[PDB]
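Below: one structure, written as structure tokens.
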Amino acid sequence: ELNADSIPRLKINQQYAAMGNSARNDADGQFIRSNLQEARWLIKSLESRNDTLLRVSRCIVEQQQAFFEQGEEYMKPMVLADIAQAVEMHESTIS
Amino acid sequence: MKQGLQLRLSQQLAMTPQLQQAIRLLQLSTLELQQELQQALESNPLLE
Amino acid sequence: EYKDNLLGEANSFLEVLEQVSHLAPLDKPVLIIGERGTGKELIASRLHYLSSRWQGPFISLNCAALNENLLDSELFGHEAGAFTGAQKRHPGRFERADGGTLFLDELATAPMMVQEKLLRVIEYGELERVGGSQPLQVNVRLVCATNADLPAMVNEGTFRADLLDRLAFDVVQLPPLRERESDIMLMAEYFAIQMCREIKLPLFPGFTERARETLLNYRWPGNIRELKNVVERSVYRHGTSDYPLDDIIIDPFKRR
Amino acid sequence: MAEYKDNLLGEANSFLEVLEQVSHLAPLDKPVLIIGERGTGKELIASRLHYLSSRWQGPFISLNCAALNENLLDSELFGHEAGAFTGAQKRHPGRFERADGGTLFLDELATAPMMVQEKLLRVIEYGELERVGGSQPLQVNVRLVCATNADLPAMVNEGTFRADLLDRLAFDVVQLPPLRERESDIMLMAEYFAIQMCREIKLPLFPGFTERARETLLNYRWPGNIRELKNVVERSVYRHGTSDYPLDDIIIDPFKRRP
Amino acid sequence: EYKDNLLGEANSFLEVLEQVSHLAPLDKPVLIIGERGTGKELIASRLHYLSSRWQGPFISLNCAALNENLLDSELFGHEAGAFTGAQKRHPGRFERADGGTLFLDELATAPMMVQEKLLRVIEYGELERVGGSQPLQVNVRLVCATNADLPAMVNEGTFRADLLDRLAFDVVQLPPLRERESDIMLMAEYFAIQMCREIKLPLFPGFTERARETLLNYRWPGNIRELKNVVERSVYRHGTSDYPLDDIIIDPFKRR
Amino acid sequence: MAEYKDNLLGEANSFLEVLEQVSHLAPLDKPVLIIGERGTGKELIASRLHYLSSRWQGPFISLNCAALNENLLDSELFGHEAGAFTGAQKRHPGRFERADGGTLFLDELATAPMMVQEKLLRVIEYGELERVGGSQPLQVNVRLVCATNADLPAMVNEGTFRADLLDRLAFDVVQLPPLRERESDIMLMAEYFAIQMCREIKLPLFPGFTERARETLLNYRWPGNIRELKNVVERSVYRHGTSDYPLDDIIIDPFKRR
Amino acid sequence: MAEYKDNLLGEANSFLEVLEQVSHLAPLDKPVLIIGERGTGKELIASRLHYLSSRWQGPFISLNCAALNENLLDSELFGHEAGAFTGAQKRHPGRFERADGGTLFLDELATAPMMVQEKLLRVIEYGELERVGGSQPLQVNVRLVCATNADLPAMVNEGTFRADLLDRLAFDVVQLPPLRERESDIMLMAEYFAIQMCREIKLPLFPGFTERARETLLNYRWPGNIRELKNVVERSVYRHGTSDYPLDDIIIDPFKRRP
Ligand SMILES: Nc1ncnc2c1ncn2[C@@H]1O[C@H](COP(=O)(O)OP(=O)(O)O)[C@@H](O)[C@H]1O
Ligand SMILES: Nc1ncnc2c1ncn2[C@@H]1O[C@H](COP(=O)(O)OP(=O)(O)O)[C@@H](O)[C@H]1O
Ligand SMILES: Nc1ncnc2c1ncn2[C@@H]1O[C@H](COP(=O)(O)OP(=O)(O)O)[C@@H](O)[C@H]1O
Ligand SMILES: Nc1ncnc2c1ncn2[C@@H]1O[C@H](COP(=O)(O)OP(=O)(O)O)[C@@H](O)[C@H]1O
Ligand SMILES: [Mg+2]
Ligand SMILES: [Mg+2]
Ligand SMILES: [Mg+2]
Ligand SMILES: [Mg+2]
């Protein structure tokens, strides 16, 4: 379980959201649309990063469970490629 | 078709490049990521 | 009504049309056996129009041309790593088949395993996956079209007997090209008119007694294609409304 | 562990007793074999067995010995790892690997290649195998289900079947009751088919079946026990047209001309 | 025009030439029929010589020879398709032939998928490009050529009957030259003169009655070139302008 | 116009005639055929022909009509432009394109596949062709020639050989005189082989040949001897291994235990 | 170009003459063929020739025929340039190219493909580089060695091999002596095997063989020759157990239903 307090969270400006269509100015509407698109892309990227981190943590804990049971003295060797196999992303993302 | 391992044919390019936003997301910056998010939220007035 | 092209003036044609109109509302498998051409695909398309889901597309287009593996691949599409490694993921015939009705042209040529898979899809209602690691379910009507005797294959055991039984919810026999007698002249007039429209001729110059006698003596093995192709060839050869049609072009492969 | 009656009918015959016996076998996870001709609800029986266990919550799947591409079938049984063959985009999970901890139905065992027979017998309930291009073996759990319409003892005596495979399989044999001999359940099945058709045909009401149709059905050998019965019922319903009076004619052979 | 090179088999061949010339103003797709090794390229020569074709660039492709797994994709447009980044790659000869003549040679030995793609391209007009999302039909003259009886292939399922019947409206056949022995002497004299010019011979020594009788006796399955090839080989072997030739050897395998 | 002449060793009163005919044919640039068996050998005849023509200055590349990569045969013949394919970054010149203004000897055309036959088809008459990378086609003049050991008329009768291609090609056919047909320069060729081999073995001198060995050679059917005769000479020399005693016995066939 | 004495020495006058011919041919560079049974020490003969070759530093290639994948076997034979095909990045060195200037002893030459036969004939015919994607050929001063346990003339009579290839194959035939041709060397080989087995099993010493054992050796025909002898001796030693008394009987058939 990740630290929920440490987990970042962003909110969409509902008041700003409810003022895009009602705008009678083309420039203001275009700016609002661009800002909304950028915010949506950023939120999607943040959520994807959080999900990938959670999946990587789960895979490591699956690997670390063997290590934790074996203890520090008998810790099993681990490879970056071995963990990347446990996930679906490229090893660059894992690194 | 059939099962085989011939090594001569056409193909396509690798994964599409210039995913700068994804590259930053993959790296973990902890509070630095929080500071960057704060700067972006200062830039983006539609985010809270 | 889509102009009622290739109307079957025969009484048996009208009876078959009435039966189909009765069958068209019925959402059950249908099998068709008949002669070459004969607009069997056209009949299926008309029934699909006769079907309530007129909006729904009907891809059909299942002529028996691909190899045994190739035909299944067309049925199963393609996926990532498919066929021991495939570059493109193809939705395939099955994906386009979902929803509206589909017609299986010359369905007898397929392997019995493909027949079993198709029947199971019909029986189970769940689509079969080329990759096989993901479930698939599809709801659509189907139309079967072959030319030989399914009972003959069943006696030979070639086709899956259960598949043949389930598919033949209602067989659709067809009359021969030789069976129709008087509709030949009507179809000829229709072809001449449609060509004069297409070839921009002022009018069909009309036929002669020699043309009618040759048509009567013509075997016309192709119920649909042969007549239309011969008419088009003769029209192209003449290209004039001044002289009524008397010369006959029989063999496209004719020489000298 | 729910009732889920679903398509349960024909209890007048000893098929009810067969189901009762199979109920005991339902908790069992050992090899399972079913015996019966085509059109005998064998898939229905297998589905009932798989659903019977709460392990129905586990992955219950079916497979029939349809060759398709022999190499493709071999891969599906084995499981293509990523890059095993030229152009392999990613690892293809095996058909067996897809359903672990849940029932697996094996069909067309008579129509199985001898090489395919050996491939299957390689893990003859061994429980562990290796994927196509797999570095290390993997062990899974699944209760296999077998069924065929052929005399396996005969083919074994003929040598057509794999005797070792036969021994490895068929811890229990489920012989389908002869629906051709199940005359009492035939009337109830006809009633159920009529009810289903009325649900489907959406006509005013079922006029009935009179007695000439019943006599013809009794005369009919019904080579298609459960499948052809419903198909003939639908065909006769369609041919009858109006439902003013109970229908007495029987749509025996659609291959035969209607007149 | 280079027609005089062909010189025709006879007036009947000249009659077919006149018919083809009448057809030349039409840019619609055509079907070319002729014996293997019988001047079929020269048939395309007149079509290229058509004034409308004279303006545009003529592109002829050997369908049988042109074959590669990637070439299946290469024949497709991809004029904007960039899977490896090469959007600027064009359909190849398909894109190159735009604005000029197109010719498919040895189309019989081709993948059925390629045939359907061409048939699909032939049917209606180009649209919805693979990369460009909008293919455009180019008013480029096109025609097809084949040697064997593709009807037999379609009977065996090898020939796409849809394209075959579609192309069966502009079919022109080439009769065997073995029938036309009149121009045989003329073509032989032309070949002899050309060889004498090439080999720096004083002149063509001419043939004999024995030579003419042997030429008549020869089946000459190949006539456009194979007959000319034997003529050139005999001219080279003779190496003697003192007398006209009277001993011509056709079968090189025939020792002595 | 110069002639290195290579190593002829041919005076069979018919090999000379064949060489003279080739010399007449040497100026010709049309496609040629060679009926060359293994026991006929004479692959070097094609090389002599190539040297004979003024294209001796040009590339004398001979095409090994077998052992061709099925996957990359098209590029093998044609090559690829700078763009090439996904696999290739540079420009593949192409073997056929690599040949220009010179002789192209198709070696053992019989072994070529039907797909190979189709690939070769239209590559002769048309000449113009485009790289795998794709470009405007160009036809390059180059001498054409091919060879085989069997009766391609049978293969056409068998249908295995593409009859259209064979008929289009082979403006002339070269028939190799049989070793049995030769039957004249046996002793001279044997002497030449012994002279060549003595240096290789650093042998003292040629002991000479006895009448019994010559009679055996005459009686020897020797159906294949183009290089088989030389190989048998080498084997017999190794067996004798005695420059002091003249040679009289030769291992006819390395099959009998004896 | 070294002594490198090999204990695997054939104690036969026929074997002595074979060794003499092998030594005579050791300086020779022309390819030759080795004839002999399976397990008849042919690999040892090839190794002896390779060591005795003038090219002491010359490579010794295994050259297994049947090992070809046949999917891209010629590529392995012919090598490749860097990028010669799809997904290629390094110049593949061909098997001959890898063994250029060395020595290749065609292994399992009897079992090979017709396409393999054609490729080999092309290689033999004044071999050049002609690598996959290669723009220029080369030459290799590597000797060739041939060996098989089958009647090559019979195979050619069956059309199994190209007649030219066989003609292009051997300048001489190295027929290995038969085990039946060998005689009385069995005692020496048996003693050597006994010493080796005693050393390996940490046994005290060699108990020895009795007169019954000698008579059995006289009667026994070893179809596998040394390998047959090696296996029979190994079995007899394993069954012998204690070295208190010399051996008198040996297990003739390692696979015998008797007892
Ligand atoms: N007792 C039953 N109650 C209701 N339906 C049944 C019963 N037994 C069989 N059926 C139905 O009969 C149909 C035909 O059976 P069958 O063709 O044998 O299926 P399969 O061949 O796949 O085993 C099945 O779809 C099944 O649903
Ligand atoms: N009368 C002629 N004048 C000029 N060239 C000719 C004549 N007859 C034949 N040819 C040439 O001989 C060649 C033989 O081609 P051919 O094999 O007949 O083509 P196809 O294989 O398409 O029938 C042609 O390319 C043509 O250029
Ligand atoms: N005049 C000659 N002088 C020397 N050697 C010759 C002569 N004529 C033929 N040979 C030999 O005959 C052999 C035939 O080999 P080759 O031509 O490669 O066989 P094939 O052509 O059947 O593959 C050559 O190795 C060559 O050395
Ligand atoms: N002269 C010998 N003395 C002792 N052992 C030998 C002798 N020759 C061969 N052997 C043994 O017999 C075995 C024969 O194997 P191998 O060389 O593969 O024979 P082949 O190549 O004929 O199959 C070798 O492993 C070797 O140890
Ligand atoms: Mg079932
Ligand atoms: Mg041609
Ligand atoms: Mg040679
Ligand atoms: Mg060995």
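Chain C is numbered as in Swiss-Prot; shown residues: 3-258, in order.
If you check the header, you will see the structure was determined by electron microscopy, 6.8 Å.
Note that Cβ sites are derived from N, Cα and C of the backbone, with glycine treated the same way.
As annotated by Swiss-Prot, ATP binding site applies to C:36-43, C:99-108. Residues or ranges marked as domain 'Sigma-54 factor interaction' in Swiss-Prot: C:15-237.
Projection of Swiss-Prot feature records onto the structure.
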residue  : record           : CB count, 10 Å
C:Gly36  : ATP binding site : 19
C:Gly39  : ATP binding site : 21
C:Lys42  : ATP binding site : 22
C:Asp100 : ATP binding site : 16
C:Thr103 : ATP binding site : 23
C:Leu106 : ATP binding site : 26
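Under DSSP, C:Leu106 (ATP binding site) is assigned to a strand (E or B) in the three-state scheme. In the three-state DSSP classification, C:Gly39 (ATP binding site) falls within coil.
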